[PDB]
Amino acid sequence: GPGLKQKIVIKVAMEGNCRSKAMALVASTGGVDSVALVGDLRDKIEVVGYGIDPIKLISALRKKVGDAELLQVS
């Protein structure tokens, strides 16, 4: 508690309703404070939270939505 505070930007392949799936999965993750679609193409998700493990999050995304990659973490 509260755990490490991070802002994480993920690129996800979500062209398909696919955006809605990505956003829901990320929003459902423990420690999440905010989730936002960003970039001109709305092809990225910015997540702010406390004690989020980006490793698990990324793996859950690749398993359930599509290819996903960490672009920023701070």
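We number the residues from 1 along the sequence you see.
Among the other PDB entries of this protein that were compared and that flank it with modelled residues, residue 16 is left unmodelled in a third or more. A chain break between residue 16 and residue 17 is present, corresponding to 1 to 3 residues of the deposited sequence without coordinates. Mean C-alpha B-factor is higher over 61-69 than over the other stretch, the pair under comparison being 48-56 and 61-69. Ranked by Cα temperature factor within the chain, residue 32 sits in the middle third according to the deposited record.
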